[PDB]
Amino acid sequence: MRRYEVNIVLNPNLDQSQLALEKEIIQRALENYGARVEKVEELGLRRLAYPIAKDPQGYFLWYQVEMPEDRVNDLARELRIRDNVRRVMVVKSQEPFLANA
Amino acid sequence: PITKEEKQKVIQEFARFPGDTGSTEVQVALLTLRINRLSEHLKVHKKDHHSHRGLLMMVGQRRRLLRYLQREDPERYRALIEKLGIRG
Amino acid sequence: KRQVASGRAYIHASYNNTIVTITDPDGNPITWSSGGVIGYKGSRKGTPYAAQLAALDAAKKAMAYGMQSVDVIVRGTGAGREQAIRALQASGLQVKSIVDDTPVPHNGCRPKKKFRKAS
Amino acid sequence: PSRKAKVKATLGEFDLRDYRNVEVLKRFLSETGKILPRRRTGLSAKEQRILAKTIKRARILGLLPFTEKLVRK
RNA sequence: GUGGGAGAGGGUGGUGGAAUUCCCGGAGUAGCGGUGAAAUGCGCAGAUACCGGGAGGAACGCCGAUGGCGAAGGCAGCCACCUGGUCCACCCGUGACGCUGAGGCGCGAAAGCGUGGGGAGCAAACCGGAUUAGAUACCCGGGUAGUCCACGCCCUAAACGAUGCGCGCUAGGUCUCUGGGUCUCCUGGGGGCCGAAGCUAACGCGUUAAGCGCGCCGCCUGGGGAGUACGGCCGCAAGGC
Ligand SMILES: [K+]
Ligand SMILES: [K+]
Ligand SMILES: [K+]
Ligand SMILES: [K+]
Ligand SMILES: [K+]
Ligand SMILES: [Mg+2]
Ligand SMILES: [Mg+2]
Ligand SMILES: [Mg+2]
Ligand SMILES: [Mg+2]
Ligand SMILES: [Mg+2]
Ligand SMILES: [Mg+2]
Ligand SMILES: [Mg+2]
Ligand SMILES: [Mg+2]
Ligand SMILES: [Mg+2]
Ligand SMILES: [Mg+2]
Ligand SMILES: [Mg+2]
Ligand SMILES: [Mg+2]
Ligand SMILES: [Mg+2]
Ligand SMILES: [Mg+2]
Ligand SMILES: [Mg+2]
Ligand SMILES: [Mg+2]
Ligand SMILES: [Mg+2]
Ligand SMILES: [Mg+2]
Ligand SMILES: [Mg+2]
Ligand SMILES: [Mg+2]
Ligand SMILES: [Mg+2]
Ligand SMILES: [Mg+2]
Ligand SMILES: [Mg+2]
Ligand SMILES: [Mg+2]
Ligand SMILES: [Mg+2]
Ligand SMILES: [Mg+2]
Ligand SMILES: [Mg+2]
Ligand SMILES: [Mg+2]
Ligand SMILES: [Mg+2]
Ligand SMILES: [Mg+2]
Ligand SMILES: [Mg+2]
Ligand SMILES: [Mg+2]
Ligand SMILES: [Mg+2]
Ligand SMILES: [Mg+2]
Ligand SMILES: [Mg+2]
Ligand SMILES: [Mg+2]
Ligand SMILES: [Mg+2]
Ligand SMILES: [Mg+2]
Ligand SMILES: [Mg+2]
Ligand SMILES: [Mg+2]
Ligand SMILES: [Mg+2]
Ligand SMILES: [Mg+2]
Ligand SMILES: [Mg+2]
Ligand SMILES: [Mg+2]
């Protein structure tokens, strides 16, 4: 049971119904792997620095979670199956390192 | 890994007395726990040699501590071997 | 016969030859030139003067399509790159910007023995 | 000698391990998408070593570029 | 033991972009390429240069360093999991449990061997072009094994700090990595430079000793013959000890 952070970049061209279905599948897969959610930050569509999937923008999602480590990798694969989901990055949570303090 | 609760479990299990954290029995028990964990790690990932060296070092240390216990008090030596199930 | 009136200019400058390709803003070429298009045949193509001739010839070929303003793009470290730059800079064509887009790899492929002692 | 300005001194309080904050990490990239050296950032060894991995994370996420094109050459 | 720390330490899976090659399309014309100069080569079956899309393999630019990690070989995109080593603070526990180490056992860059796979770039052999008095070379155009992966062999090296391991003692200055602290600085571990005493044939070494000591292992006894012969052991072979 460690604390992780999930970054999900998906298609910015989705309407509200398809986006709701994508997020429903995300929540369902998180429940299926026992990932308690501590907080969420939905930043919406943003301008990428380079085109991803031939699209110059991307819709961002961020989830600070806590889950068993042994299936973390096994969870990430499940999130990459959806064609609308084009970027998935899971990172172990770390305390912030402040500079110029 | 090896969380602190399991470490305290084995320490309080093999403690000669409350407060003892460094007697020979405790050290050999901790080395045995780490050795079994590393052997289970090395059944898979059998191409990992840098950790196999650490396994060799831990085995040597446990053998030397058991030899010291054999020399000083063979009764606690037999008791430790019987409780842990070592030497085959 | 397209009457482009505005496009891009790619300059591929190498130690053996300098070659200019004048394209439209979408990248599709219109005309082009090089040291071999001019009478120069051998090593004289990797010359700054040959690069100037190639740039001016491509520019005059682009004048036939009635083009005025260009966007210059430089690729490759070769003799005569800046000379072709200065040739296109004052050639009747208006140079709007100069951009170096030399393709540098991230240590992907092993170079030839000529370019070894690196990666 | 890079006497123009130091990026750390030209900035305030910020998190070095935050890979999502773009408007701060953009200041640490050069005119190209390259990571600035120590002489430009004015950071220390540990700070630079953390900044490298965080910038790479932001690059993989698509927030920071891998490389850019030089202008006005 | 407790609490913390840094790291390209190792193994497994996944994943990212730049570039090379190839394919598809668009656009487009007479050469590209290459060299001291050239020619082979490729190009009217439309190349080179340009734009877009796709496939595949291999290596990870900036960060990056005089840096870090490992016992050595060696380790460099990113993420996750498994895992080794190590350092510091507290002075908590055991109570000499220590050092070295003939054999044994394991690891061991590259090249090479076996089976299967993969094969973009590079490239022994080889096919050519040049150069040359000749050119079985350097230079140029191609190109197979190989480089890559899995499993199993092979045990070599300028395997180098040409300096075995451990401990104690013996001026400092400066740079740096990484902890701790009363954080001008002090203290501890690691990487550099200059240097006290001292050592050395000299060069140079000098708290990271090649100084002063102690313990243990390895090895040397003129050069060629020769790391050859014989014998043995190991190896599928090449061959190694
Ligand atoms: K010809
Ligand atoms: K080094
Ligand atoms: K083959
Ligand atoms: K030797
Ligand atoms: K400090
Ligand atoms: Mg997908
Ligand atoms: Mg030429
Ligand atoms: Mg690592
Ligand atoms: Mg075509
Ligand atoms: Mg060719
Ligand atoms: Mg060819
Ligand atoms: Mg022909
Ligand atoms: Mg024809
Ligand atoms: Mg091509
Ligand atoms: Mg393309
Ligand atoms: Mg293929
Ligand atoms: Mg570098
Ligand atoms: Mg070290
Ligand atoms: Mg080395
Ligand atoms: Mg005490
Ligand atoms: Mg006592
Ligand atoms: Mg030893
Ligand atoms: Mg031995
Ligand atoms: Mg080997
Ligand atoms: Mg090999
Ligand atoms: Mg093979
Ligand atoms: Mg094969
Ligand atoms: Mg080749
Ligand atoms: Mg060749
Ligand atoms: Mg030849
Ligand atoms: Mg001669
Ligand atoms: Mg002749
Ligand atoms: Mg073969
Ligand atoms: Mg050396
Ligand atoms: Mg040595
Ligand atoms: Mg030494
Ligand atoms: Mg020191
Ligand atoms: Mg000195
Ligand atoms: Mg003296
Ligand atoms: Mg002297
Ligand atoms: Mg010493
Ligand atoms: Mg003799
Ligand atoms: Mg000899
Ligand atoms: Mg002899
Ligand atoms: Mg030999
Ligand atoms: Mg024999
Ligand atoms: Mg035999
Ligand atoms: Mg032979
Ligand atoms: Mg021999």
# chains A, B, ... in the order shown; residues from 1 in each chain; ligands from 1

call {"tool": "residues_around", "arguments": {"residues": "residue 6 in chain B", "least_positions_apart": "3", "cutoff": "12 Å", "atoms": "only C-alpha atoms (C1' of nucleotides)", "output": "PyMOL selection string"}}
result
chain B and resi 1-3+9-13+29-30+33-34

call {"tool": "residues_around", "arguments": {"residues": "range 58-72 of chain D", "least_positions_apart": "3", "cutoff": "6 Å", "atoms": "only C-alpha atoms (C1' of nucleotides)", "output": "JSON, numbers by chain"}}
result
{"A": [48, 49], "C": [98, 99, 100, 101], "D": [19, 32, 33, 55], "E": [16]}

call {"tool": "interface_residues", "arguments": {"of": "chain A", "to": "chain B", "cutoff": "12 Å", "atoms": "only C-alpha atoms", "output": "MDAnalysis selection string"}}
result
chainID A and resid 1 69:70

call {"tool": "write_last_selection", "arguments": {"atoms": "N, CA and C atoms", "output": "PDB file, in the first residue's frame"}}
result
ATOM      1  N   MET A   1       0.825  -1.202   0.000  1.00  0.00           N
ATOM      2  CA  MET A   1       0.000   0.000   0.000  1.00  0.00           C
ATOM      3  C   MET A   1       0.862   1.256   0.000  1.00  0.00           C
ATOM      4  N   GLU A  69       1.450  -2.191  -4.250  1.00  0.00           N
ATOM      5  CA  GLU A  69       2.509  -1.984  -5.231  1.00  0.00           C
ATOM      6  C   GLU A  69       2.536  -3.098  -6.271  1.00  0.00           C
ATOM      7  N   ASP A  70       2.275  -4.337  -5.844  1.00  0.00           N
ATOM      8  CA  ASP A  70       2.491  -5.507  -6.691  1.00  0.00           C
ATOM      9  C   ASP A  70       1.693  -5.468  -7.988  1.00  0.00           C
TER      10      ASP A  70
END

call {"tool": "interface_residues", "arguments": {"of": "chain E", "to": "chain C", "cutoff": "9 Å", "atoms": "only C-alpha atoms (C1' of nucleotides)", "output": "list in words"}}
result
residues 17, 18, 19, 20, 26, 27, 28, 29, 30, 31, 32, 33, 34, 35, 37, 38, 49, 50, 51, 58, 59, 60, 61, 120, 121 and 122 of chain E

call {"tool": "residues_near_ligand", "arguments": {"ligand": "ligand 19", "cutoff": "12 Å", "atoms": "only C-alpha atoms (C1' of nucleotides) and all ligand atoms", "output": "PyMOL selection string"}}
result
chain E and resi 72-75+109+157-161

call {"tool": "write_last_selection", "arguments": {"atoms": "N, CA and C atoms (P, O5', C5', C4', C3', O3' and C1' of nucleotides)", "output": "PDB file, in the first residue's frame"}}
result
ATOM      1  P     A E  72      35.577  -2.034  -7.736  1.00  0.00           P
ATOM      2  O5'   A E  72      35.948  -2.952  -8.983  1.00  0.00           O
ATOM      3  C5'   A E  72      37.298  -3.305  -9.240  1.00  0.00           C
ATOM      4  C4'   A E  72      37.411  -4.497 -10.158  1.00  0.00           C
ATOM      5  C3'   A E  72      36.808  -4.350 -11.545  1.00  0.00           C
ATOM      6  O3'   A E  72      37.615  -3.603 -12.438  1.00  0.00           O
ATOM      7  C1'   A E  72      36.172  -6.428 -10.639  1.00  0.00           C
ATOM      8  P     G E  73      36.928  -2.607 -13.495  1.00  0.00           P
ATOM      9  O5'   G E  73      36.284  -3.579 -14.582  1.00  0.00           O
ATOM     10  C5'   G E  73      37.104  -4.420 -15.381  1.00  0.00           C
ATOM     11  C4'   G E  73      36.304  -5.499 -16.072  1.00  0.00           C
ATOM     12  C3'   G E  73      35.234  -5.031 -17.048  1.00  0.00           C
ATOM     13  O3'   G E  73      35.751  -4.667 -18.317  1.00  0.00           O
ATOM     14  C1'   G E  73      34.335  -6.699 -15.645  1.00  0.00           C
ATOM     15  P     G E  74      35.529  -3.182 -18.894  1.00  0.00           P
ATOM     16  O5'   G E  74      34.059  -2.784 -18.422  1.00  0.00           O
ATOM     17  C5'   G E  74      32.905  -3.310 -19.066  1.00  0.00           C
ATOM     18  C4'   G E  74      31.752  -3.423 -18.102  1.00  0.00           C
ATOM     19  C3'   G E  74      30.713  -2.310 -18.159  1.00  0.00           C
ATOM     20  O3'   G E  74      29.744  -2.501 -19.177  1.00  0.00           O
ATOM     21  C1'   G E  74      31.361  -2.659 -15.918  1.00  0.00           C
ATOM     22  P     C E  75      28.982  -1.238 -19.820  1.00  0.00           P
ATOM     23  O5'   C E  75      28.025  -0.717 -18.656  1.00  0.00           O
ATOM     24  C5'   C E  75      26.877  -1.456 -18.265  1.00  0.00           C
ATOM     25  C4'   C E  75      26.111  -0.751 -17.172  1.00  0.00           C
ATOM     26  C3'   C E  75      25.617   0.650 -17.500  1.00  0.00           C
ATOM     27  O3'   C E  75      24.404   0.644 -18.234  1.00  0.00           O
ATOM     28  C1'   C E  75      26.653   0.651 -15.371  1.00  0.00           C
ATOM     29  P     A E 109      31.590 -10.230 -19.348  1.00  0.00           P
ATOM     30  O5'   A E 109      31.992  -9.002 -20.280  1.00  0.00           O
ATOM     31  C5'   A E 109      31.790  -7.671 -19.831  1.00  0.00           C
ATOM     32  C4'   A E 109      32.477  -6.654 -20.709  1.00  0.00           C
ATOM     33  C3'   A E 109      32.442  -6.898 -22.208  1.00  0.00           C
ATOM     34  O3'   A E 109      31.194  -6.581 -22.801  1.00  0.00           O
ATOM     35  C1'   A E 109      34.601  -6.180 -21.563  1.00  0.00           C
ATOM     36  P     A E 157      45.188 -13.039 -19.937  1.00  0.00           P
ATOM     37  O5'   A E 157      44.766 -11.612 -20.507  1.00  0.00           O
ATOM     38  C5'   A E 157      45.312 -11.131 -21.726  1.00  0.00           C
ATOM     39  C4'   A E 157      44.975  -9.680 -21.959  1.00  0.00           C
ATOM     40  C3'   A E 157      45.084  -8.759 -20.756  1.00  0.00           C
ATOM     41  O3'   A E 157      46.421  -8.378 -20.480  1.00  0.00           O
ATOM     42  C1'   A E 157      43.083  -8.302 -21.946  1.00  0.00           C
ATOM     43  P     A E 158      46.810  -7.752 -19.052  1.00  0.00           P
ATOM     44  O5'   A E 158      46.465  -6.205 -19.206  1.00  0.00           O
ATOM     45  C5'   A E 158      47.172  -5.386 -20.133  1.00  0.00           C
ATOM     46  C4'   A E 158      46.707  -3.952 -20.076  1.00  0.00           C
ATOM     47  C3'   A E 158      45.452  -3.630 -20.885  1.00  0.00           C
ATOM     48  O3'   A E 158      44.721  -2.604 -20.215  1.00  0.00           O
ATOM     49  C1'   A E 158      47.228  -2.283 -21.633  1.00  0.00           C
ATOM     50  P     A E 159      43.247  -2.891 -19.647  1.00  0.00           P
ATOM     51  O5'   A E 159      43.482  -3.948 -18.482  1.00  0.00           O
ATOM     52  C5'   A E 159      42.965  -5.263 -18.589  1.00  0.00           C
ATOM     53  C4'   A E 159      41.959  -5.548 -17.504  1.00  0.00           C
ATOM     54  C3'   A E 159      42.534  -5.868 -16.132  1.00  0.00           C
ATOM     55  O3'   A E 159      42.843  -4.696 -15.394  1.00  0.00           O
ATOM     56  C1'   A E 159      40.891  -7.474 -16.706  1.00  0.00           C
ATOM     57  P     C E 160      43.587  -4.783 -13.972  1.00  0.00           P
ATOM     58  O5'   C E 160      44.291  -3.361 -13.818  1.00  0.00           O
ATOM     59  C5'   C E 160      43.662  -2.301 -13.103  1.00  0.00           C
ATOM     60  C4'   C E 160      44.062  -0.942 -13.632  1.00  0.00           C
ATOM     61  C3'   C E 160      43.208  -0.408 -14.782  1.00  0.00           C
ATOM     62  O3'   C E 160      43.172   1.020 -14.717  1.00  0.00           O
ATOM     63  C1'   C E 160      45.438  -0.613 -15.501  1.00  0.00           C
ATOM     64  P     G E 161      42.338   1.778 -13.569  1.00  0.00           P
ATOM     65  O5'   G E 161      43.460   2.446 -12.653  1.00  0.00           O
ATOM     66  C5'   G E 161      44.006   3.722 -12.976  1.00  0.00           C
ATOM     67  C4'   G E 161      45.318   3.983 -12.269  1.00  0.00           C
ATOM     68  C3'   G E 161      46.403   2.927 -12.483  1.00  0.00           C
ATOM     69  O3'   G E 161      47.686   3.557 -12.475  1.00  0.00           O
ATOM     70  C1'   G E 161      45.949   3.120 -10.185  1.00  0.00           C
TER      71        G E 161
END

call {"tool": "interface_residues", "arguments": {"of": "chain D", "to": "chain E", "cutoff": "6 Å", "atoms": "only C-alpha atoms (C1' of nucleotides)", "output": "number ranges by chain"}}
result
D: 34-35, 52, 60

call {"tool": "residues_near_ligand", "arguments": {"ligand": "ligand 47", "cutoff": "9 Å", "atoms": "only C-alpha atoms (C1' of nucleotides) and all ligand atoms", "output": "list in words"}}
result
residues 234, 235 and 236 of chain E

call {"tool": "select_by_dssp", "arguments": {"residues": "range 6-87 of chain B", "states": "helix (DSSP H, G or I)", "output": "PyMOL selection string"}}
result
chain B and resi 6-14+24-43+50-72+74-84

call {"tool": "atom_distance", "arguments": {"atom1": "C1' of residue 171 in chain E", "atom2": "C1' of residue 207 in chain E"}}
result
10.5 Å

call {"tool": "residues_near_ligand", "arguments": {"ligand": "ligand 21", "cutoff": "9 Å", "atoms": "only C-alpha atoms (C1' of nucleotides) and all ligand atoms", "output": "PDB file with N, CA and C atoms (P, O5', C5', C4', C3', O3' and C1' of nucleotides), in the first residue's frame"}}
result
ATOM      1  P     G E  93      22.803  -0.975  25.842  1.00  0.00           P
ATOM      2  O5'   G E  93      22.501  -2.374  25.144  1.00  0.00           O
ATOM      3  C5'   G E  93      21.259  -3.035  25.331  1.00  0.00           C
ATOM      4  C4'   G E  93      21.054  -4.108  24.293  1.00  0.00           C
ATOM      5  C3'   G E  93      22.173  -5.135  24.181  1.00  0.00           C
ATOM      6  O3'   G E  93      22.075  -6.173  25.142  1.00  0.00           O
ATOM      7  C1'   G E  93      21.649  -4.322  22.032  1.00  0.00           C
ATOM      8  P     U E  94      23.385  -6.670  25.929  1.00  0.00           P
ATOM      9  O5'   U E  94      24.069  -7.706  24.929  1.00  0.00           O
ATOM     10  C5'   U E  94      23.402  -8.901  24.550  1.00  0.00           C
ATOM     11  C4'   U E  94      24.091  -9.581  23.391  1.00  0.00           C
ATOM     12  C3'   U E  94      25.507 -10.076  23.649  1.00  0.00           C
ATOM     13  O3'   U E  94      25.528 -11.344  24.286  1.00  0.00           O
ATOM     14  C1'   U E  94      25.424  -8.914  21.581  1.00  0.00           C
ATOM     15  P     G E  95      26.355 -11.568  25.646  1.00  0.00           P
ATOM     16  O5'   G E  95      27.876 -11.377  25.216  1.00  0.00           O
ATOM     17  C5'   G E  95      28.446 -12.147  24.161  1.00  0.00           C
ATOM     18  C4'   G E  95      29.688 -11.491  23.610  1.00  0.00           C
ATOM     19  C3'   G E  95      30.908 -11.547  24.526  1.00  0.00           C
ATOM     20  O3'   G E  95      32.094 -11.568  23.733  1.00  0.00           O
ATOM     21  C1'   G E  95      30.297  -9.295  24.173  1.00  0.00           C
TER      22        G E  95
END

call {"tool": "residues_around", "arguments": {"residues": "residue 192 in chain E", "least_positions_apart": "6", "cutoff": "10 Å", "atoms": "only C-alpha atoms (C1' of nucleotides)", "output": "ChimeraX atom specification"}}
result
/E:66,175-176

call {"tool": "residues_near_ligand", "arguments": {"ligand": "ligand 45", "cutoff": "10 Å", "atoms": "only C-alpha atoms (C1' of nucleotides) and all ligand atoms", "output": "MDAnalysis selection string"}}
result
chainID E and resid 156 227 239:240

call {"tool": "write_last_selection", "arguments": {"atoms": "N, CA, C and O atoms (P, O5', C5', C4', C3', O3' and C1' of nucleotides)", "output": "PDB file, in the first residue's frame"}}
result
ATOM      1  P     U E 156      41.185 -16.934 -18.055  1.00  0.00           P
ATOM      2  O5'   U E 156      41.366 -16.298 -19.502  1.00  0.00           O
ATOM      3  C5'   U E 156      42.531 -16.551 -20.270  1.00  0.00           C
ATOM      4  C4'   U E 156      42.641 -15.586 -21.423  1.00  0.00           C
ATOM      5  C3'   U E 156      43.107 -14.181 -21.070  1.00  0.00           C
ATOM      6  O3'   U E 156      44.519 -14.083 -20.961  1.00  0.00           O
ATOM      7  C1'   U E 156      41.193 -14.052 -22.450  1.00  0.00           C
ATOM      8  P     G E 227      56.522 -15.847 -26.303  1.00  0.00           P
ATOM      9  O5'   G E 227      55.289 -15.808 -25.291  1.00  0.00           O
ATOM     10  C5'   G E 227      54.103 -16.558 -25.541  1.00  0.00           C
ATOM     11  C4'   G E 227      54.211 -17.978 -25.036  1.00  0.00           C
ATOM     12  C3'   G E 227      52.894 -18.754 -24.971  1.00  0.00           C
ATOM     13  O3'   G E 227      53.154 -20.130 -25.248  1.00  0.00           O
ATOM     14  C1'   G E 227      53.868 -18.694 -22.834  1.00  0.00           C
ATOM     15  P     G E 239      43.505 -22.423 -32.443  1.00  0.00           P
ATOM     16  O5'   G E 239      43.415 -22.584 -30.861  1.00  0.00           O
ATOM     17  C5'   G E 239      43.874 -21.558 -29.994  1.00  0.00           C
ATOM     18  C4'   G E 239      42.935 -21.356 -28.834  1.00  0.00           C
ATOM     19  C3'   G E 239      43.563 -21.405 -27.449  1.00  0.00           C
ATOM     20  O3'   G E 239      44.198 -20.197 -27.077  1.00  0.00           O
ATOM     21  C1'   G E 239      41.626 -22.745 -27.472  1.00  0.00           C
ATOM     22  P     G E 240      45.485 -20.231 -26.117  1.00  0.00           P
ATOM     23  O5'   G E 240      44.873 -20.294 -24.646  1.00  0.00           O
ATOM     24  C5'   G E 240      43.951 -19.311 -24.195  1.00  0.00           C
ATOM     25  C4'   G E 240      43.235 -19.762 -22.947  1.00  0.00           C
ATOM     26  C3'   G E 240      44.125 -20.122 -21.767  1.00  0.00           C
ATOM     27  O3'   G E 240      44.529 -18.988 -21.020  1.00  0.00           O
ATOM     28  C1'   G E 240      42.532 -21.834 -22.098  1.00  0.00           C
TER      29        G E 240
END

call {"tool": "residues_near_ligand", "arguments": {"ligand": "ligand 16", "cutoff": "12 Å", "atoms": "only C-alpha atoms (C1' of nucleotides) and all ligand atoms", "output": "PyMOL selection string"}}
result
chain E and resi 21-23+55-57+118-120

call {"tool": "interface_residues", "arguments": {"of": "chain A", "to": "chain D", "cutoff": "10 Å", "atoms": "only C-alpha atoms", "output": "list in words"}}
result
residues 7, 8, 9, 46, 47, 48, 49, 50, 51, 52, 56, 57, 58, 60, 62, 87, 88, 89, 91, 94, 95, 96, 97, 98, 99, 100 and 101 of chain A

call {"tool": "write_last_selection", "arguments": {"atoms": "N, CA, C and O atoms", "output": "mmCIF file, in the first residue's frame"}}
result
data_model
loop_
_atom_site.group_PDB
_atom_site.id
_atom_site.type_symbol
_atom_site.label_atom_id
_atom_site.label_comp_id
_atom_site.auth_asym_id
_atom_site.auth_seq_id
_atom_site.Cartn_x
_atom_site.Cartn_y
_atom_site.Cartn_z
ATOM 1 N N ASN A 7 -0.887 10.295 -14.095
ATOM 2 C CA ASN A 7 -1.126 11.311 -15.110
ATOM 3 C C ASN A 7 -1.702 10.632 -16.343
ATOM 4 O O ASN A 7 -1.103 9.687 -16.872
ATOM 5 N N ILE A 8 -2.857 11.113 -16.798
ATOM 6 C CA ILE A 8 -3.566 10.543 -17.937
ATOM 7 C C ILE A 8 -3.828 11.664 -18.933
ATOM 8 O O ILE A 8 -4.580 12.599 -18.636
ATOM 9 N N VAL A 9 -3.214 11.575 -20.107
ATOM 10 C CA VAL A 9 -3.446 12.518 -21.195
ATOM 11 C C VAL A 9 -4.240 11.790 -22.267
ATOM 12 O O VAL A 9 -3.788 10.768 -22.800
ATOM 13 N N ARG A 46 -4.954 21.278 -22.697
ATOM 14 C CA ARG A 46 -3.808 22.172 -22.658
ATOM 15 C C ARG A 46 -2.974 21.991 -23.917
ATOM 16 O O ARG A 46 -3.087 20.990 -24.633
ATOM 17 N N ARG A 47 -2.121 22.983 -24.164
ATOM 18 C CA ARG A 47 -1.303 23.035 -25.370
ATOM 19 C C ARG A 47 -0.037 22.215 -25.160
ATOM 20 O O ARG A 47 0.776 22.529 -24.283
ATOM 21 N N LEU A 48 0.131 21.170 -25.963
ATOM 22 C CA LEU A 48 1.316 20.334 -25.871
ATOM 23 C C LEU A 48 2.518 21.040 -26.491
ATOM 24 O O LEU A 48 2.386 21.959 -27.304
ATOM 25 N N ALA A 49 3.710 20.595 -26.090
ATOM 26 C CA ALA A 49 4.940 21.119 -26.668
ATOM 27 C C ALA A 49 5.292 20.449 -27.987
ATOM 28 O O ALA A 49 6.091 20.996 -28.755
ATOM 29 N N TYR A 50 4.717 19.281 -28.263
ATOM 30 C CA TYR A 50 4.910 18.572 -29.518
ATOM 31 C C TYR A 50 3.649 17.771 -29.798
ATOM 32 O O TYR A 50 2.972 17.343 -28.856
ATOM 33 N N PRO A 51 3.304 17.558 -31.068
ATOM 34 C CA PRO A 51 2.050 16.853 -31.379
ATOM 35 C C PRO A 51 2.080 15.411 -30.893
ATOM 36 O O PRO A 51 3.048 14.681 -31.117
ATOM 37 N N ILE A 52 1.007 15.009 -30.215
ATOM 38 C CA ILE A 52 0.814 13.639 -29.757
ATOM 39 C C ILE A 52 -0.437 13.093 -30.426
ATOM 40 O O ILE A 52 -1.510 13.703 -30.336
ATOM 41 N N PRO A 56 -2.255 18.690 -31.594
ATOM 42 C CA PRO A 56 -1.373 19.622 -30.880
ATOM 43 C C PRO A 56 -1.788 19.925 -29.448
ATOM 44 O O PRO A 56 -1.088 20.688 -28.773
ATOM 45 N N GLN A 57 -2.893 19.364 -28.962
ATOM 46 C CA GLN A 57 -3.357 19.596 -27.602
ATOM 47 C C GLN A 57 -3.644 18.261 -26.927
ATOM 48 O O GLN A 57 -3.636 17.202 -27.561
ATOM 49 N N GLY A 58 -3.897 18.323 -25.623
ATOM 50 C CA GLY A 58 -4.217 17.121 -24.873
ATOM 51 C C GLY A 58 -5.019 17.388 -23.617
ATOM 52 O O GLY A 58 -4.808 18.412 -22.961
ATOM 53 N N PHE A 60 -5.819 16.627 -19.829
ATOM 54 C CA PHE A 60 -5.010 16.117 -18.733
ATOM 55 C C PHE A 60 -5.873 15.727 -17.541
ATOM 56 O O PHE A 60 -6.889 16.369 -17.252
ATOM 57 N N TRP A 62 -5.183 14.021 -13.379
ATOM 58 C CA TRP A 62 -4.189 13.692 -12.366
ATOM 59 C C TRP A 62 -4.887 13.109 -11.148
ATOM 60 O O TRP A 62 -5.900 13.647 -10.692
ATOM 61 N N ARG A 87 -1.596 8.883 -23.232
ATOM 62 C CA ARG A 87 -0.441 8.976 -22.346
ATOM 63 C C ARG A 87 -0.840 8.564 -20.939
ATOM 64 O O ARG A 87 -1.834 9.064 -20.405
ATOM 65 N N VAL A 88 -0.058 7.669 -20.339
ATOM 66 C CA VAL A 88 -0.259 7.243 -18.958
ATOM 67 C C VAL A 88 1.102 7.210 -18.279
ATOM 68 O O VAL A 88 1.997 6.477 -18.715
ATOM 69 N N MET A 89 1.264 8.000 -17.219
ATOM 70 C CA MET A 89 2.510 8.032 -16.460
ATOM 71 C C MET A 89 2.196 7.899 -14.978
ATOM 72 O O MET A 89 1.543 8.771 -14.398
ATOM 73 N N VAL A 91 3.800 7.629 -11.186
ATOM 74 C CA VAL A 91 5.009 8.056 -10.490
ATOM 75 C C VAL A 91 4.784 7.924 -8.991
ATOM 76 O O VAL A 91 3.771 8.397 -8.469
ATOM 77 N N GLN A 94 6.374 11.727 -3.978
ATOM 78 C CA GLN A 94 7.567 12.182 -3.283
ATOM 79 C C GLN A 94 7.287 13.525 -2.627
ATOM 80 O O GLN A 94 6.504 14.331 -3.136
ATOM 81 N N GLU A 95 7.933 13.758 -1.489
ATOM 82 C CA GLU A 95 7.800 15.044 -0.824
ATOM 83 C C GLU A 95 8.444 16.137 -1.674
ATOM 84 O O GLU A 95 9.495 15.912 -2.284
ATOM 85 N N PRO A 96 7.839 17.321 -1.741
ATOM 86 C CA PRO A 96 8.369 18.367 -2.623
ATOM 87 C C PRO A 96 9.738 18.849 -2.169
ATOM 88 O O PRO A 96 10.002 18.995 -0.974
ATOM 89 N N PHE A 97 10.611 19.090 -3.142
ATOM 90 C CA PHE A 97 11.957 19.601 -2.901
ATOM 91 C C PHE A 97 11.978 21.061 -3.343
ATOM 92 O O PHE A 97 12.076 21.353 -4.539
ATOM 93 N N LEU A 98 11.885 21.973 -2.380
ATOM 94 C CA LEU A 98 11.831 23.393 -2.689
ATOM 95 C C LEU A 98 13.236 23.961 -2.835
ATOM 96 O O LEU A 98 14.157 23.577 -2.109
ATOM 97 N N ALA A 99 13.397 24.874 -3.790
ATOM 98 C CA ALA A 99 14.663 25.545 -4.033
ATOM 99 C C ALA A 99 14.491 27.048 -3.857
ATOM 100 O O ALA A 99 13.382 27.583 -3.960
ATOM 101 N N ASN A 100 15.611 27.721 -3.591
ATOM 102 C CA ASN A 100 15.637 29.166 -3.359
ATOM 103 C C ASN A 100 14.705 29.546 -2.207
ATOM 104 O O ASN A 100 13.888 30.462 -2.310
ATOM 105 N N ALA A 101 14.836 28.820 -1.100
ATOM 106 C CA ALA A 101 13.998 29.046 0.072
ATOM 107 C C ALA A 101 14.735 29.865 1.125
ATOM 108 O O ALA A 101 15.964 29.876 1.174
#
